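K.L.:
Following this message is one structure expressed as structure tokens.
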Amino acid sequence: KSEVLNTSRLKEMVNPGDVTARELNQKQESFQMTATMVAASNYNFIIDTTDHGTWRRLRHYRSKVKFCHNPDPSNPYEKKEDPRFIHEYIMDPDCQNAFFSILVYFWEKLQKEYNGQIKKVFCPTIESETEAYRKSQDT
Amino acid sequence: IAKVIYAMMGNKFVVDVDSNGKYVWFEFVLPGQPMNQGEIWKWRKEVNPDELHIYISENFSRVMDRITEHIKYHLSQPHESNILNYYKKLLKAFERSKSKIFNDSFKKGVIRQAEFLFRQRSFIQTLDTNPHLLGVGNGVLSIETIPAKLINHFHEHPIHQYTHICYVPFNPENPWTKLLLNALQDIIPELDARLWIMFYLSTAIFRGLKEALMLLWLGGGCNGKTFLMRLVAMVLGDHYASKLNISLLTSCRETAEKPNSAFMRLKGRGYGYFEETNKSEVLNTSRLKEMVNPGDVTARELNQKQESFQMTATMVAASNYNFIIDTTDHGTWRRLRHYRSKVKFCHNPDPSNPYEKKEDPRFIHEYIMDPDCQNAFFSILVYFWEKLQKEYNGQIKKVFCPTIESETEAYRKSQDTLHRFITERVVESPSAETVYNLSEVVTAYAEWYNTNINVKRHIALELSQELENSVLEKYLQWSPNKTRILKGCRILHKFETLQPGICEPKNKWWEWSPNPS
Amino acid sequence: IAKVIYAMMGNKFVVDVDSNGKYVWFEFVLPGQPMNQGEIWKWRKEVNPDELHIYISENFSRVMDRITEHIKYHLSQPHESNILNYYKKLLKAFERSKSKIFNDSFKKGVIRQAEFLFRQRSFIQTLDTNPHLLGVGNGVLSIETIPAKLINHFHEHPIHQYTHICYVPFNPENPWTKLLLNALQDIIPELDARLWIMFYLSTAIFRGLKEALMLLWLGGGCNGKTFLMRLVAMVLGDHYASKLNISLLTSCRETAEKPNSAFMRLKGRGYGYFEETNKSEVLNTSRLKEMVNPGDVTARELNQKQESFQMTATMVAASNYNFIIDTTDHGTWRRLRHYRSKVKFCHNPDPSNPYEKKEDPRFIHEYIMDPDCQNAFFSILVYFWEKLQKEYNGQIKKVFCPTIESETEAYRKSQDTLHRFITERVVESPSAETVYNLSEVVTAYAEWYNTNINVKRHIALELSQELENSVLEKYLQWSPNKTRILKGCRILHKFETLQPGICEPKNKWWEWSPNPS
Amino acid sequence: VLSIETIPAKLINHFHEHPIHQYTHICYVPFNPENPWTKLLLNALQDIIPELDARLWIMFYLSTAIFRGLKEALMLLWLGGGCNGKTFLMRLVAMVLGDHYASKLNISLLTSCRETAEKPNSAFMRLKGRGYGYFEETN
DNA sequence: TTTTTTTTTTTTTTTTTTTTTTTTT
DNA sequence: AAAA
Ligand SMILES: Nc1ncnc2c1ncn2[C@@H]1O[C@H](COP(=O)(O)OP(=O)(O)OP(O)(O)=S)[C@@H](O)[C@H]1O
Ligand SMILES: Nc1ncnc2c1ncn2[C@@H]1O[C@H](COP(=O)(O)OP(=O)(O)OP(O)(O)=S)[C@@H](O)[C@H]1O
Ligand SMILES: Nc1ncnc2c1ncn2[C@@H]1O[C@H](COP(=O)(O)OP(=O)(O)OP(O)(O)=S)[C@@H](O)[C@H]1O
Ligand SMILES: [Mg+2]
Ligand SMILES: [Mg+2]
Ligand SMILES: [Mg+2]
């Protein structure tokens, strides 16, 4: 369901800096994280803060397609599921090869255009959906 | 010597490095050698190659004597000063080396050296990967093609796990098979439900990817569900079937990350069953969807590091108490199935109780100890899986059964506290309006099922939208301050008042009948 | 050398690999050698074959001497130039090899080499598996056929565990047997109950699958329960009996924490007992029915992995505090039997108290360390087991005893909080209408026994169906809003105002009397 | 080694065959009331407990501490106040008997209020072979 | 209830081996 | 000087 969270080890992983913590059964060595984070859910996240910096390093979106097994013409923002589309199509290595090619091509496009600055690109939906969250989530 | 031995008996031994970095020897079993029951025509794990140790001391001696004989024969023929000293020195050195093969330190060194020669890269991780091969007492059974082929001869399949249940082709004429079929028909009266449940159970033989379906059905207190669960688990074997904790799904409790030996279960297993519950159990997403979907999952080796094991076993949960489900998502209530039994065995069965019969006290205490019973059950399961493959091509969701998915949807119409409150307290009484942002309604609903159903921590936002996920939002506009105030209801308390506002099989049912069945 | 040794005395030793992957040595004990008490005619576990080391260093010497005579005897007879050098060289080589056996490094390698020759596959897991064989002080006891036969000579039974109680044929004329029979009869005045209890205790000697039955009996505060409980365990031995903690059966709800050692009892133990409790306590748990049933169970013990073992033992729970039973499962009630003691030994026994006698201070403090007491008592139990097999063919449920199952069913009519409340506030006062939905009846029933009986987490199921599982459903309808509103009755919390609306044996009882008895 | 098998007790200071290994470092001598220490202890002991019958009964109970076999189930607890000298008597016996046969256990154990689940417990141990257990004051 | 006990080591080679120079062929 |  919906989850409540605020700065609870949030900014420590948000920033590209360095943190450190328990290492299984040891003390620590170092944590230089470089991985992109994504958190998709069907329940609204509860945030209770007004820090400008936290909202600065945040993005929000909301998809509008909810496929149905009985899709009528009156439902434009949904279609028919393919049960095998998730159950299979991942086992075929050719699918991963094609997806990897797509990812490499898109990364090269990003490097060519905005030179590695993800925030340099402009998307009307992006930020707008994020500031919409800012407009919300404020008791 | 290691090279000679590898060239000599090298097709029978395989050495591979374990997960801990220790070399392990595997032996290929053949008839006519000391062995455990049911371990024929397939590989086994060996601590040290003992029979290789006796082999290097027994069989190599004949080759040694052949070399000695050849040397002596060459010495016999007339020659020149070469046989004066060279042949004699070779004979002396070879004689001194002959006894070396018997030395224990020498033998250990030879074995350690030949570990590298017998090394075969990429062997452990490809063990039991084929799901169409199942280990059996009389060899290996292949279900890749219909009909399934029993292999009792030489092969090259990487099969090591097994069960000690000998396999025979499905023979309905067997007395034990007929008795089991009749008993199974009696336990579940409906033909269509019987067939559907048997087809679902036959999927436990397979070990590959399967459709994400969960079976959970109710039954009588003395129904006999646990008999079927224990029988299936016994027939499949420990390596493929294991008894998981019913509460596990009901209560996620500690995270999988937290040391869990049950998390090390479901790895390679083909069966996991839930025991009877002492009472009704509530569960929702408490490691539910993780066990539901067939995707690969991690593997927390108790206190050790975090592995990843693929899960494919069939999960079944049987109880005499219902289970509390608190959710509305269609996806969760689309990979579940429900059924209810109707047989409550009695030791004084009057004619006025057709939906029950006399117990057999020895039906559970014994009748599992007979190996013939497991053979018959295994044949039945194999035959049913073959029938499913023939008809629906492995698609369990494709088979139709009217009584099933009807009890399931009936259960879906139940186990919904929100609808009870709706068509108990507000519906049929819309002729008023008292709503404080539905917050009063949320609190009333919460306290209502706190005493009515159960007490638990609440979140205001869960009903902030679930109210619109009902028939309540038929009249809900909002004030200038929004507040989404409902436009009609009546908060009712106490008594108040009503204020204005299938076909029976002919002789055989295992024959499945034609496609309509 | 190892080949010669195995061909010479190889039948006396067996080498098998343990579960941990370490070779283990087993020696068969024969009379005429040192041994621990009660370890005759059966296999024993030995870390190092010490008797073998002295055997290869002493007994093997004479075989060496026979070689020494043979070579010189052939040397004595005149021959050609072969005896000039051949016999001389071999004799020098052999005498050099003579002293090699007395070396230590040489002997270590011999033992390691002989581990392959003496290896016997599938030997540990088939040890102590036959339930009809019991290790006794004077050999091994077989209860396969009536009468039970004691084997005290050579055999091939794979038996390793034992108890140190020497067996003698049952003699009722023995003074210890006479005293034990008299005291035991006085302990339980009822003949039929005495017959029923002894038969149940007789199954403890068995080590195979048994009828699922739980014994618990009540009575006097100082009856003498622990005397009989201690005697059976002491006689039947530690290897087959264990002290079981009551907290395991009375754990709150959790199945097990990640390690568990107490539950790993009953692995080979054929008997476990439960003692007096601090106070009346509830025991309705998962283990209430999970442990009692003959189905196999699995658990983990710390470093030991999470394996399974068949529960094979008889459970008895004697106390003076009545156990709080709260369930409606007829299956659970099947496993349980109840009895009440009626003897309270007193230090001032007057004739006006026939249901008691004088204590014997030395009855428990001593009379146990005497081996003859154990031998006589064990004979009594063994005789009973043969007798029970003769009459009821080893079926404990089919034995008849009028006083048992009568006090038990009277106990069943108790420990029913709901039924007690039924004829307390609503029944006998049905002429009113003050019954809302079942939630209010849940609350009303909850608050009653909250102080009258105990506090408990009142979940919905306690009356969501028990209303139909009662006598109050005769008038149970639902409104247009459903709600299952009862037709109503005088709830009337509290009770204010009125409510409107055997045969004594002649001289011997172990003779059991004829079949009716 | 001191033998209490037969009356009177006999001391073995020569060769024998009894498998005994544990001991205490207190030398044994025949009981002589004429020793100044024997009189000194007896006088103080007599003053500690005034009643003759109680004095006899208590010390007869404590005399069983030498024995190491099975004993009748008797629990002795008694009340005092202030500097009553109770600690003196328990402490004297413990060292006299020695650690191999006497030991001190947590007073909480006596309370029995604490309950132990499936978990290691050490204070329950140490009672093997001993013949004397003494406690102290509580909160 | 982790917690710390449990785990998990943790000795792991070591001796030896060979030679051994002398001896005695 | 080479083999034990
Ligand atoms: N086909 C059958 N013919 C004869 N007896 C049967 C048959 N099927 C079941 N029984 C008996 O009826 C009972 C089966 O129901 P139960 O086993 O009591 O129900 P359950 O689901 O197994 O829960 P349990 O076993 O009570 S914990 C057993 O006593 C069986 O021996
Ligand atoms: N048949 C008998 N003849 C003589 N004395 C007996 C007999 N049976 C029991 N006693 C004695 O009477 C007492 C038996 O009752 P209790 O021992 O007080 O009750 P209990 O169930 O044994 O509880 P505990 O464990 O002994 S405190 C013991 O002192 C026995 O020695
Ligand atoms: N028999 C005795 N002869 C001489 N002095 C004694 C004797 N018994 C007790 N005392 C004195 O009284 C004191 C003993 O009392 P305490 O040991 O203080 O009290 P307790 O009851 O043993 O427990 P504490 O120590 O007060 S918590 C010592 O300081 C002794 O000097
Ligand atoms: Mg059952
Ligand atoms: Mg007792
Ligand atoms: Mg003091």
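The chains in the structure tokens are called A, B, ... from first to last as shown; in each chain the residues are counted from 1, and the ligands are counted from 1 in the order shown.
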Write as a ChimeraX atom specification the residues around ligand 2, taking 6 Å as the cut-off and counting only C-alpha atoms (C1' of nucleotides) and all ligand atoms.
P.N.:
/C:183-184,186-187,222-227,345,359-364
K.L.:
Give me, as a list in words, all polymer residues having an atom no more than 12 Å from residue 149 in chain C, counting only C-alpha atoms (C1' of nucleotides) and skipping those fewer than 4 positions away in the same chain.
P.N.:
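So the residues in contact are residues 132, 133, 134, 139, 140, 141, 142, 143, 144, 145, 167, 168, 169, 382, 383 and 386 of chain C.
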K.L.:
Take the selection from the previous step and output its residues with N, CA and C atoms, as a PDB file, in the first residue's frame.
P.N.:
```pdb
ATOM      1  N   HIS C 132      11.236 -53.679  15.415  1.00  0.00           N
ATOM      2  CA  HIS C 132      10.995 -54.886  16.190  1.00  0.00           C
ATOM      3  C   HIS C 132      12.227 -55.375  16.934  1.00  0.00           C
ATOM      4  N   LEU C 133      13.330 -54.636  16.885  1.00  0.00           N
ATOM      5  CA  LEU C 133      14.566 -55.032  17.543  1.00  0.00           C
ATOM      6  C   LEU C 133      14.960 -53.973  18.560  1.00  0.00           C
ATOM      7  N   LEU C 134      15.218 -54.408  19.790  1.00  0.00           N
ATOM      8  CA  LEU C 134      15.594 -53.524  20.884  1.00  0.00           C
ATOM      9  C   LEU C 134      16.918 -53.986  21.468  1.00  0.00           C
ATOM     10  N   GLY C 139      22.133 -58.839  25.088  1.00  0.00           N
ATOM     11  CA  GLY C 139      21.994 -59.156  23.682  1.00  0.00           C
ATOM     12  C   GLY C 139      21.044 -58.233  22.950  1.00  0.00           C
ATOM     13  N   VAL C 140      20.236 -58.795  22.057  1.00  0.00           N
ATOM     14  CA  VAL C 140      19.246 -58.039  21.304  1.00  0.00           C
ATOM     15  C   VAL C 140      17.910 -58.760  21.412  1.00  0.00           C
ATOM     16  N   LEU C 141      16.847 -57.983  21.603  1.00  0.00           N
ATOM     17  CA  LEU C 141      15.511 -58.518  21.819  1.00  0.00           C
ATOM     18  C   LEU C 141      14.690 -58.363  20.549  1.00  0.00           C
ATOM     19  N   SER C 142      14.039 -59.445  20.136  1.00  0.00           N
ATOM     20  CA  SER C 142      13.201 -59.460  18.945  1.00  0.00           C
ATOM     21  C   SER C 142      11.745 -59.618  19.353  1.00  0.00           C
ATOM     22  N   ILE C 143      10.903 -58.693  18.900  1.00  0.00           N
ATOM     23  CA  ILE C 143       9.478 -58.744  19.200  1.00  0.00           C
ATOM     24  C   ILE C 143       8.703 -58.939  17.906  1.00  0.00           C
ATOM     25  N   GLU C 144       9.352 -59.545  16.910  1.00  0.00           N
ATOM     26  CA  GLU C 144       8.681 -59.798  15.640  1.00  0.00           C
ATOM     27  C   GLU C 144       7.505 -60.750  15.814  1.00  0.00           C
ATOM     28  N   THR C 145       7.688 -61.811  16.595  1.00  0.00           N
ATOM     29  CA  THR C 145       6.666 -62.829  16.778  1.00  0.00           C
ATOM     30  C   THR C 145       6.438 -63.072  18.262  1.00  0.00           C
ATOM     31  N   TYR C 167      17.325 -58.542  30.030  1.00  0.00           N
ATOM     32  CA  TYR C 167      15.979 -59.090  29.955  1.00  0.00           C
ATOM     33  C   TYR C 167      15.940 -60.497  30.532  1.00  0.00           C
ATOM     34  N   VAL C 168      14.883 -60.783  31.283  1.00  0.00           N
ATOM     35  CA  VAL C 168      14.594 -62.130  31.761  1.00  0.00           C
ATOM     36  C   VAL C 168      13.140 -62.432  31.420  1.00  0.00           C
ATOM     37  N   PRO C 169      12.758 -63.695  31.254  1.00  0.00           N
ATOM     38  CA  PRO C 169      11.343 -64.005  31.025  1.00  0.00           C
ATOM     39  C   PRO C 169      10.493 -63.549  32.201  1.00  0.00           C
ATOM     40  N   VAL C 382       6.910 -55.988  28.844  1.00  0.00           N
ATOM     41  CA  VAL C 382       7.093 -56.871  27.697  1.00  0.00           C
ATOM     42  C   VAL C 382       5.976 -57.902  27.637  1.00  0.00           C
ATOM     43  N   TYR C 383       5.627 -58.483  28.786  1.00  0.00           N
ATOM     44  CA  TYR C 383       4.520 -59.432  28.832  1.00  0.00           C
ATOM     45  C   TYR C 383       3.223 -58.785  28.365  1.00  0.00           C
ATOM     46  N   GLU C 386       3.141 -58.435  24.460  1.00  0.00           N
ATOM     47  CA  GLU C 386       2.761 -59.703  23.852  1.00  0.00           C
ATOM     48  C   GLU C 386       1.272 -59.954  24.021  1.00  0.00           C
TER      49      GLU C 386
END
```
K.L.:
Which of range 179-244 of chain B counts as alpha helix (DSSP H) under DSSP, as a ChimeraX atom specification please?
P.N.:
/B:179-187,191-202,225-236
K.L.:
Using N, CA and C atoms, can you write the selected residues to a file as a compact mmCIF listing (two decimals), in the first residue's frame?
P.N.:
```
# COMPACT_ATOMS: atom_id res chain seq x y z
N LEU B 179 -8.30 -49.09 -6.99
CA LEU B 179 -8.70 -48.66 -5.65
C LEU B 179 -8.42 -47.18 -5.44
N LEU B 180 -7.23 -46.73 -5.84
CA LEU B 180 -6.88 -45.32 -5.68
C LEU B 180 -7.79 -44.44 -6.52
N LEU B 181 -8.10 -44.86 -7.75
CA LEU B 181 -8.99 -44.07 -8.60
C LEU B 181 -10.37 -43.95 -7.98
N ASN B 182 -10.91 -45.06 -7.47
CA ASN B 182 -12.23 -45.01 -6.84
C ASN B 182 -12.22 -44.12 -5.61
N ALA B 183 -11.19 -44.26 -4.76
CA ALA B 183 -11.11 -43.43 -3.57
C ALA B 183 -11.02 -41.95 -3.93
N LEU B 184 -10.20 -41.62 -4.93
CA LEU B 184 -10.04 -40.24 -5.34
C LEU B 184 -11.33 -39.69 -5.92
N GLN B 185 -12.06 -40.51 -6.67
CA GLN B 185 -13.36 -40.09 -7.18
C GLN B 185 -14.33 -39.82 -6.03
N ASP B 186 -14.29 -40.65 -4.99
CA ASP B 186 -15.18 -40.45 -3.86
C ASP B 186 -14.84 -39.20 -3.07
N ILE B 187 -13.55 -38.88 -2.92
CA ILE B 187 -13.15 -37.75 -2.09
C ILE B 187 -13.71 -36.45 -2.66
N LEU B 191 -17.21 -34.28 -11.07
CA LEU B 191 -16.30 -34.79 -12.09
C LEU B 191 -15.40 -33.69 -12.62
N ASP B 192 -15.99 -32.56 -13.01
CA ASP B 192 -15.21 -31.48 -13.62
C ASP B 192 -14.18 -30.91 -12.65
N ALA B 193 -14.59 -30.66 -11.40
CA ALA B 193 -13.64 -30.17 -10.41
C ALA B 193 -12.56 -31.19 -10.13
N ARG B 194 -12.94 -32.47 -10.05
CA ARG B 194 -11.96 -33.53 -9.87
C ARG B 194 -10.91 -33.49 -10.97
N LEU B 195 -11.36 -33.41 -12.23
CA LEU B 195 -10.43 -33.38 -13.34
C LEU B 195 -9.54 -32.15 -13.30
N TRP B 196 -10.12 -30.98 -13.02
CA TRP B 196 -9.32 -29.76 -12.99
C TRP B 196 -8.25 -29.83 -11.91
N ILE B 197 -8.62 -30.30 -10.72
CA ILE B 197 -7.66 -30.40 -9.64
C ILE B 197 -6.56 -31.41 -9.99
N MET B 198 -6.94 -32.53 -10.61
CA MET B 198 -5.93 -33.51 -10.98
C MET B 198 -4.98 -32.96 -12.04
N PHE B 199 -5.50 -32.22 -13.02
CA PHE B 199 -4.63 -31.60 -14.01
C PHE B 199 -3.69 -30.59 -13.36
N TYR B 200 -4.19 -29.81 -12.40
CA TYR B 200 -3.31 -28.89 -11.70
C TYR B 200 -2.22 -29.64 -10.95
N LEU B 201 -2.58 -30.73 -10.28
CA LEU B 201 -1.60 -31.51 -9.54
C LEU B 201 -0.56 -32.15 -10.46
N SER B 202 -0.97 -32.54 -11.67
CA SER B 202 -0.03 -33.17 -12.59
C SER B 202 1.08 -32.22 -13.01
N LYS B 225 -8.03 -33.71 2.79
CA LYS B 225 -7.14 -32.92 1.94
C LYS B 225 -5.68 -33.23 2.24
N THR B 226 -5.34 -33.31 3.52
CA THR B 226 -3.96 -33.57 3.92
C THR B 226 -3.49 -34.93 3.43
N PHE B 227 -4.40 -35.89 3.28
CA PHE B 227 -4.03 -37.16 2.68
C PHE B 227 -3.48 -36.97 1.28
N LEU B 228 -4.18 -36.20 0.45
CA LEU B 228 -3.71 -35.95 -0.91
C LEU B 228 -2.39 -35.19 -0.90
N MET B 229 -2.27 -34.17 -0.04
CA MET B 229 -1.02 -33.42 0.00
C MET B 229 0.16 -34.31 0.37
N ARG B 230 0.01 -35.11 1.43
CA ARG B 230 1.09 -35.99 1.85
C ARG B 230 1.40 -37.04 0.79
N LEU B 231 0.37 -37.56 0.13
CA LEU B 231 0.61 -38.55 -0.91
C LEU B 231 1.41 -37.96 -2.06
N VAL B 232 1.05 -36.76 -2.51
CA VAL B 232 1.78 -36.14 -3.60
C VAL B 232 3.22 -35.86 -3.19
N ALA B 233 3.41 -35.34 -1.97
CA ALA B 233 4.76 -35.05 -1.50
C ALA B 233 5.60 -36.32 -1.40
N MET B 234 5.01 -37.40 -0.90
CA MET B 234 5.74 -38.66 -0.78
C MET B 234 6.10 -39.22 -2.15
N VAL B 235 5.17 -39.14 -3.10
CA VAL B 235 5.43 -39.69 -4.43
C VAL B 235 6.53 -38.90 -5.13
N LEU B 236 6.45 -37.57 -5.09
CA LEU B 236 7.45 -36.76 -5.78
C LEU B 236 8.84 -36.94 -5.18
```
K.L.:
When you look at residue 3 in chain F with a cut-off of 12 Å (counting only C-alpha atoms (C1' of nucleotides)), what residues show up, excluding the ones that are within fewer than 2 positions of it in the same chain? I need them as a VMD selection string.
P.N.:
(chain E and resid 23 to 25) or (chain F and resid 1)
K.L.:
If you count only C-alpha atoms (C1' of nucleotides), which residues fall within 12 Å of residue 1 in chain E, apart from same-chain ones fewer than 5 positions away, as a PyMOL selection string?
P.N.:
(chain C and resi 257) or (chain D and resi 117+119)
K.L.:
How would the residues just picked look written out with C-alpha atoms as an mmCIF file, in the first residue's frame?
P.N.:
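Okay, selection-v1.cif is ready:
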```cif
data_model
loop_
_atom_site.group_PDB
_atom_site.id
_atom_site.type_symbol
_atom_site.label_atom_id
_atom_site.label_comp_id
_atom_site.auth_asym_id
_atom_site.auth_seq_id
_atom_site.Cartn_x
_atom_site.Cartn_y
_atom_site.Cartn_z
ATOM 1 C CA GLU C 257 13.121 -19.949 15.730
ATOM 2 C CA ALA D 117 12.979 -20.026 25.690
ATOM 3 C CA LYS D 119 18.281 -20.275 23.975
#
```
K.L.:
Can I get the residues close to ligand 6 as a VMD selection string, where close means within 9 Å and we count only C-alpha atoms (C1' of nucleotides) and all ligand atoms?
P.N.:
chain D and resid 82 to 89 136
K.L.:
Take the residues just selected and output them with N, CA and C atoms as a JSON list (two decimals), in the first residue's frame.
P.N.:
```
[["chain", "number", "residue", "atom", "x", "y", "z"],
["D", 82, "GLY", "N", 19.46, -6.92, 58.92],
["D", 82, "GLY", "CA", 20.69, -6.19, 59.14],
["D", 82, "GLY", "C", 21.91, -7.09, 59.10],
["D", 83, "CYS", "N", 22.91, -6.73, 59.90],
["D", 83, "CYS", "CA", 24.15, -7.51, 59.99],
["D", 83, "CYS", "C", 23.88, -8.75, 60.84],
["D", 84, "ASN", "N", 23.13, -9.68, 60.26],
["D", 84, "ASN", "CA", 22.74, -10.89, 60.96],
["D", 84, "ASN", "C", 23.80, -11.98, 60.90],
["D", 85, "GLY", "N", 24.85, -11.80, 60.10],
["D", 85, "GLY", "CA", 25.86, -12.82, 59.96],
["D", 85, "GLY", "C", 25.49, -13.96, 59.04],
["D", 86, "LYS", "N", 24.38, -13.83, 58.30],
["D", 86, "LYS", "CA", 23.98, -14.90, 57.38],
["D", 86, "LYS", "C", 25.05, -15.14, 56.32],
["D", 87, "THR", "N", 25.62, -14.06, 55.78],
["D", 87, "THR", "CA", 26.63, -14.19, 54.74],
["D", 87, "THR", "C", 27.84, -14.98, 55.25],
["D", 88, "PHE", "N", 28.15, -14.85, 56.54],
["D", 88, "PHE", "CA", 29.32, -15.51, 57.09],
["D", 88, "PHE", "C", 29.21, -17.02, 56.99],
["D", 89, "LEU", "N", 28.03, -17.57, 57.30],
["D", 89, "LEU", "CA", 27.89, -19.02, 57.32],
["D", 89, "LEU", "C", 27.91, -19.61, 55.92],
["D", 136, "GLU", "N", 22.00, -15.14, 47.97],
["D", 136, "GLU", "CA", 22.22, -13.88, 48.67],
["D", 136, "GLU", "C", 20.91, -13.10, 48.71]]
```
K.L.:
Which is closest to ligand 1 among B:319, B:261, B:280, B:431, if we use only C-alpha atoms and all ligand atoms?
P.N.:
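Using only C-alpha atoms and all ligand atoms, the shortest distance to ligand 1 belongs to B:319.
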K.L.:
Identify which of the residues B:37, B:320, B:285, B:450 lies closest to ligand 4, counting only C-alpha atoms and all ligand atoms when measuring atom-to-atom distances.
P.N.:
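Distance minimum relative to ligand 4 lands on B:320.
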K.L.:
Mind checking DSSP for range 23-139 of chain D and telling me the strand (DSSP E) residues as a PyMOL selection string?
P.N.:
chain D and resi 102-104+132-134
K.L.:
Could you write out that same residue set with N, CA and C atoms as an mmCIF file, in the first residue's frame?
P.N.:
```cif
data_model
loop_
_atom_site.group_PDB
_atom_site.id
_atom_site.type_symbol
_atom_site.label_atom_id
_atom_site.label_comp_id
_atom_site.auth_asym_id
_atom_site.auth_seq_id
_atom_site.Cartn_x
_atom_site.Cartn_y
_atom_site.Cartn_z
ATOM 1 N N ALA D 102 30.952 -26.965 45.676
ATOM 2 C CA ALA D 102 30.034 -25.900 46.041
ATOM 3 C C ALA D 102 30.203 -24.741 45.070
ATOM 4 N N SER D 103 29.131 -23.971 44.893
ATOM 5 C CA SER D 103 29.151 -22.868 43.945
ATOM 6 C C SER D 103 28.076 -21.854 44.305
ATOM 7 N N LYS D 104 28.229 -20.649 43.764
ATOM 8 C CA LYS D 104 27.283 -19.559 43.949
ATOM 9 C C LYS D 104 26.465 -19.392 42.677
ATOM 10 N N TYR D 132 26.027 -28.362 47.335
ATOM 11 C CA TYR D 132 25.732 -27.171 48.124
ATOM 12 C C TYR D 132 25.497 -25.994 47.194
ATOM 13 N N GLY D 133 24.336 -25.358 47.322
ATOM 14 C CA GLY D 133 24.046 -24.138 46.596
ATOM 15 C C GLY D 133 23.532 -23.048 47.514
ATOM 16 N N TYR D 134 24.186 -21.889 47.507
ATOM 17 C CA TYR D 134 23.872 -20.808 48.429
ATOM 18 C C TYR D 134 23.591 -19.532 47.654
#
```
K.L.:
Counting only C-alpha atoms (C1' of nucleotides), which residues of chain B come no farther than 12 Å from chain E, as a list in words?
P.N.:
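Output check: residues 105, 106, 258, 302, 303 and 304 of chain B.
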K.L.:
Could you take the residues named above and write them with N, CA and C atoms, as a tab-separated table (two decimals), in the first residue's frame?
P.N.:
```
chain	number	residue	atom	x	y	z
B	105	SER	N	50.88	-42.86	-0.28
B	105	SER	CA	51.23	-41.49	-0.63
B	105	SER	C	51.31	-41.32	-2.14
B	106	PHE	N	51.88	-42.31	-2.82
B	106	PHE	CA	51.94	-42.27	-4.28
B	106	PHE	C	50.55	-42.25	-4.90
B	258	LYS	N	16.28	-11.49	5.92
B	258	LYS	CA	16.60	-12.05	7.23
B	258	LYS	C	16.76	-13.55	7.10
B	302	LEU	N	20.61	-18.11	4.42
B	302	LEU	CA	20.53	-17.95	5.87
B	302	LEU	C	21.36	-16.75	6.32
B	303	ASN	N	22.49	-17.01	6.98
B	303	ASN	CA	23.36	-15.94	7.43
B	303	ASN	C	24.39	-15.53	6.38
B	304	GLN	N	24.52	-16.27	5.29
B	304	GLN	CA	25.54	-16.01	4.29
B	304	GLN	C	25.03	-14.98	3.27
```
K.L.:
Neighbours of residue 83 in chain A within 10 Å (only C-alpha atoms (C1' of nucleotides); same-chain residues fewer than 3 positions away dropped), as a list in words?
P.N.:
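Here the qualifying residues turn out to be residues 69, 80, 86, 87 and 88 of chain A; 211 of chain B.
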K.L.:
Using Å and a single decimal, report how far CA of residue 100 in chain D sits from CA of residue 75 in chain D.
P.N.:
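Spanning CA of residue 75 in chain D to CA of residue 100 in chain D is a straight-line distance of 21.8 Å.
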K.L.:
Please give me, as a ChimeraX atom specification, the residues lying within 12 Å of ligand 3 when counting only C-alpha atoms (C1' of nucleotides) and all ligand atoms.
P.N.:
/D:39-50,78-92,135-139
K.L.:
Pick out the residues sitting within 9 Å of residue 119 in chain B, and hand them over as a PyMOL selection string; count only C-alpha atoms (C1' of nucleotides), and ignore anything fewer than 2 positions along from it in its own chain.
P.N.:
chain B and resi 14-17+23+114-117+121
K.L.:
From the options B:62, B:506, B:164, B:397, which residue's atoms come nearest to residue 38 in chain B, counting only C-alpha atoms?
P.N.:
B:164
K.L.:
Find the residue from B:344, B:493, B:390, B:108 that sits nearest to ligand 4; use only C-alpha atoms and all ligand atoms when measuring.
P.N.:
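Under the stated criterion, the closest residue is B:344.
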